[PDB]
Structures are given as C-alpha cells and as structure tokens.
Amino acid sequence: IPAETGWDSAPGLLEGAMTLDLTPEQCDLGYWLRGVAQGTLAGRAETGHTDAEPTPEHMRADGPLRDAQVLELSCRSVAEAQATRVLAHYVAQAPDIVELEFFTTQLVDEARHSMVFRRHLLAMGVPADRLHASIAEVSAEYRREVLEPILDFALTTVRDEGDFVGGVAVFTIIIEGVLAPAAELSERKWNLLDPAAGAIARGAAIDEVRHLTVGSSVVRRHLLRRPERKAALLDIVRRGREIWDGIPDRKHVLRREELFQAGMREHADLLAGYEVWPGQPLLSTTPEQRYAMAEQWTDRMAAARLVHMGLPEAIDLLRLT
C-alpha cells in the first residue's frame, strides 16, 4: 500500500499538495484499485468510517450543531455529485489512455465523496424518504450561486473550447485548488464533535492530495512541452479569478460558520484542549477568523503549487503578492 494512500501513513491535505509529486502515469487504475479501493478504503467502503469513528447521537439531535453539519454536507454532496458530472467530460475527452484511467479514478472518488456525505446525512437522522428533497432545498442557493458558475467554467473550457489541459487547469487551480483547504479546515473542526464526519473528511483529503498533485503534473508537463501555452493558461487563471470575484461565496461560508459557532458553544465540554490549528483553541475562534484562516491556507497552497506548475505569474493574477 503506497505511503501516500495509507490511512495512517498518508500526509495531511496541504502538506501532501505542497510537497508531493504524483503523475497520472503513477496513479493509474491498478494503483487506485490496489492502493485506494483496497488501501485507504479498507474497512471504510460503505460509509467512509469504521465502528471506532461513530456518528454521535448528539449529531441526531435537533440544534445548531446538527444544522451546521446538515447545511455543510448537503452543499458538499451537491458539489461532489456535480463535479462527477463535469469530470465525466474529462474522461470522454481524455487525450490518451493514461489520462482516461487517471480521470476515471478522480470521477469515482468524487462520486464516492458525494455518497459518504449523503450517507452521513442519513446517519444524522435525515429520513431516507426526505433525503433528496432535503439536500436539494438546503443546497439550492449555494448550487445556483457558487457551484454552477465555477463548474460551468471548467465544462466550457474542456468541452465548448476543446481545451483539455486548460480544463484541468481550471479544475486544479480554480476549483480544487480553491476549495480543498476549506475541506481540511472542516476535518479539523469536526473531528472531536463528529468522529464519523472527521474520518469521512480524512479519507476524502487523502484522495484530494492525489487530485491536486496529479492535476498539477498534467499542467506542468504540458506547459514545458508547449511553453507557448503559458499566456493561455494565465488567461484561464485570470478569468477564474474574475468569476470568483463575482460569486457570493463568503455569504454561504459565514452562514454555516455562524451555525457552527452556536453549535460548538453548546458542546464546549467535548472541545476543552482542542486546537483547530497549532496554538489556536477551536472554542476561541470566530466565524470570520476561521474563514480568514481557510483563505490564508488557500493563498499559501496556491503560491506553492503555482511555482511547481511553472505559472508563478498567476500568483500575481490571483493577487497573492
């Protein structure tokens, strides 16, 4: 079982994305079936967690803590299922077998993430016969305002523009690159309050390390074969930024962070020592501070990944100087 896919041996999300070099040739379908399906997911195939990482009863009880997680995972379930639909087009247009296999593995991961998030909703007492409606009601505004515009950018680049590597650049820099750090924050936030959700996030973060580093290899390699494509890639990044500047993401993050605030306040006994990041107790953080930290992580990670990709000028386009 490769070190990078092992449940105990795999790096954290930022750490892996900023330090590892993985290529689509390495992470082919055999590697995924062995190292992921039979590795990372050993004992966690159905729900993403084991009996030792349970969903607490307090996550089934009506209140702000439960609402914060309902809102969060309704939204992520939709994000991941729509990402699966988008990535399908990356598979269909994969320029070769290496990319076909790799992007098949990413597609299944995203479908898996959607599945374990939705299952977690059932484990929190959302009735099975109200599950579809409930996710759809809760996530509708976020889907329409945030997910659809950024995902349509990727789809438009790969499909309408016929630009595969460009499409990968949208997905790794503008989509995953932007959202993965908030996923690691979510794992830190939830780990004591909802161990099942912490383990679910952890397994997703291991997958995400692979998506981020393989996507970077695709862009990096293309760019040094075709150095002329550099301006085109930078324009992709610029348009990406312009699209985020018009999306009201903050509004949706702060809404779940204020629910979470009331939630964690009502469960301070489970949180005592707990630091959300080095030297910072979760209990003494605010919604704005957790949003800001997730942004700081996003900026740091992008600085590191853009250099590795050969697009250090995008650090400027994304206003990271």
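A residue's number is simply how far along the shown sequence it sits, counting from 1.
S.K.: Looking only at CA atoms, which has the higher mean B factor in the entry: 244 to 252 or 73 to 81?
M.R.: Per the PDB entry, the higher value belongs to 244 to 252.
S.K.: Please compare 108 to 116 with 184 to 192 and say which has the higher mean C-alpha temperature factor in the record.
M.R.: Comparing 108 to 116 with 184 to 192, the higher average CA B-factor belongs to 184 to 192.
S.K.: Which has the highest CA B-factor per the PDB entry: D207, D129, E176, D152?
M.R.: Highest CA B-factor of the listed options: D129.
S.K.: Per the entry's Cα B factor values, which of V170, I135, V98, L87 stands out as the maximum?
M.R.: If I rank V170, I135, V98, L87 by C-alpha B-factor, first place goes to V98.
S.K.: Quick one: classify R202 as lowest, middle or highest third of the chain based on its Cα B-factor.
M.R.: Lowest third.
S.K.: Lowest, middle or highest third: which one holds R265 when the chain's residues are ordered by CA B-factor from the entry?
M.R.: As the PDB entry reports it, the C-alpha B-factor of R265 lands in the highest third of its chain.
S.K.: Using the temperature factors of the C-alpha atoms in this entry, rank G48 within its chain: lowest, middle or highest third.
M.R.: Lowest third, going by the recorded CA B-factors of the chain.
S.K.: Looking at the temperature factor on the CA atom of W277, which third of the chain's modelled residues does it land in?
M.R.: It belongs to the highest third of the chain when residues are ordered by C-alpha B-factor.
S.K.: Going by the entry, which third of its chain does the Cα temperature factor of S216 land in?
M.R.: CA B-factor rank for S216: middle third.
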